[PDB]
There are 2 protein chains.
Amino acid sequence: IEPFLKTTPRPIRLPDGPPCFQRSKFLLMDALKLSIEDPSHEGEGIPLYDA
Amino acid sequence: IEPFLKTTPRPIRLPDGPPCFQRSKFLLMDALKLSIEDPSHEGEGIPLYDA
């Protein structure tokens, strides 16, 4: 055994190399949405036509 | 000539026979309308689907 001392754990070094790049299937902050402006309640829609 | 006197013109006699019957292409007082409840302004509709 050893004393897992206060000053012992060094800061974990992150890898270095090229910059990290996004891989999400859909962007998250920069996206925006073209509203429909509140259709009726009985009118169902096959989604293409609403789009 | 003759004097078209005040008392001369008898009341025109309407014909007599069976009762008069409607022939309009669409009834007029008794009809009613199933509303759509105010759709949007951009959504055009081929009329069957609105009906």
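What follows draws every value from the coordinates through simple rules; no lab data is involved. Backbone-built Cβ (ideal geometry, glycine too); neighbour counts: all protein chains shown.
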Meets criteria (farther than 24 Å from A:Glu37 by Cβ and more than 20 Å from the chain's Cα centre (by Cα)) for B:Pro3: yes
Contacts under 8 angstrom Cβ, first residue in region A:25-48 being among the polar types (S, T, N, Q), partner loosely packed, with under 10 Cβ neighbours inside 10 Å, 6 or more apart: A:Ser40/B:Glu37; A:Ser40/B:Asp38
Tally, over chain A, of residues that are surrounded by 10 or more Cβ atoms within 10 Å (Cβ to Cβ), part of a loop (DSSP other than H, G, I, E, B) and of a type outside the set (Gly, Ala, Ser): 2
Residues located in region B:17-51, provided they are within 11 Å of chain A (Cβ to nearest Cβ) and small (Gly, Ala, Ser): B:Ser35, B:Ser40, B:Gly43, B:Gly45
